[PDB]
Amino acid sequence: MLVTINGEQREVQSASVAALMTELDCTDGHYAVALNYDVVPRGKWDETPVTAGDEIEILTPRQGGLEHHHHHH
Numbered sequence: 001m002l003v004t005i006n007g008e009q010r011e012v013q014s015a016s017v018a019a020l021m022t023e024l025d026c027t028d029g030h031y032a033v034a035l036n037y038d039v040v041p042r043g044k045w046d047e048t049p050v051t052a053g054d055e056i057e058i059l060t061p062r063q064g065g066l067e068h069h070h071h072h073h
């Protein structure tokens, strides 16, 4: 489906957002998906399908100076 990914209208083969981020290799480090600018939590990527003509903005969330980035226990 032809979906506007991060401002680029990109023709993908994935029908699910889990599969979309995996297809685009955006599942590791710290990436996020914004479906119609609304960020989908990673635990909902598999629950959420992609829709043709939608705008999937891949966000790289600023979590460097975020205490939770690494917390013992």
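In PDB author numbering, the protein residues as written are 1 to 73.
All residues carry an ideal CB built from backbone N, CA and C; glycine is no exception.
- Contacts around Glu57, its chain only, beta-carbon distance under 6 Å, and the 5 residues preceding and following it disregarded: In the sequence shown, the residue the question calls residue 57 occupies position 57. Closer than 6 Å at Cβ, skipping near neighbours: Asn6, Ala34.
- Item | Among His70, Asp54, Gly65, nearest to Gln9 - alpha-carbon criterion | Position 9 of the sequence shown, counted from the start, is the residue given in the question as residue 9. Of the listed residues, the one whose Cα sits closest to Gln9 is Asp54.
- Can you give the Cα-Cα distance for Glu47 and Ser16, rounded to whole angstroms? The residue labelled residue 47 in the question sits at position 47 within the sequence shown. The residue labelled residue 16 in the question sits at position 16 within the sequence shown. Distance between the alpha carbons of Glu47 and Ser16 is about 8 Å.
- Query: Hey, would you say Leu2 sits closer than 9 Å to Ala52, going by beta carbons?
  - Reply: Your numbering for residue 2 matches position 2 in the sequence shown. Your numbering for residue 52 matches position 52 in the sequence shown. Closer than 9 Å, so yes.
- Exposed or buried, what is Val39 when buried is set at 16 or more other beta-carbons lying within 10 Å of its beta-carbon? Locating residue 39 in the sequence shown gives position 39, where the first residue counts as 1. So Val39 counts as exposed.
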